[PDB]
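Counting in this note's numbering, the sequence shown runs from 386 upward without gaps.
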Amino acid sequence: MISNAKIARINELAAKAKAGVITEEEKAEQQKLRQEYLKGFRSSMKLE
């Protein structure tokens, strides 16, 4: 699961990725935490 602290961590890493300064380790954690966020999260715009 994910908490606000980890959500900030995601936005941190995402910014690192959008910038290009993100390392492989940061990338690995980013992908995982995004899944921790996707737990139960559905696409409201499509009701998917």
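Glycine included, every Cβ here is placed at the ideal spot set by N, Cα and C.
Contact belief for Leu418 with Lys391 at Cβ below 8 Å, rounded distance in angstroms: Residue mapping note: residue 418 aligns to position 33 of the sequence shown, counting from 1. Residue mapping note: residue 391 aligns to position 6 of the sequence shown, counting from 1. About 5 Å; that satisfies the 8 Å criterion.
Distance CB(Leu398)-CB(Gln415) smaller than 7 Å: Start at 1 with the first residue of the sequence shown, and residue 398 comes out as number 13. Start at 1 with the first residue of the sequence shown, and residue 415 comes out as number 30. Result yes, Cβ atoms of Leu398 and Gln415 sit closer than 7 Å.
Beta-carbon proximity of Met386 to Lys424, cut-off 7 Å: If you number the sequence shown from 1, residue 386 lands on position 1. If you number the sequence shown from 1, residue 424 lands on position 39. Contact: yes.
Neighbourhood of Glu433 by C-beta distance below 8 Å, restricted to the same chain and skipping five residues each side: Sequence index remark: in the sequence shown, residue 433 carries index 48 (1-based). Sequence-distant Cβ neighbours of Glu433 in its own chain, meaning closer than 8 Å and more than five residues away, are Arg427.
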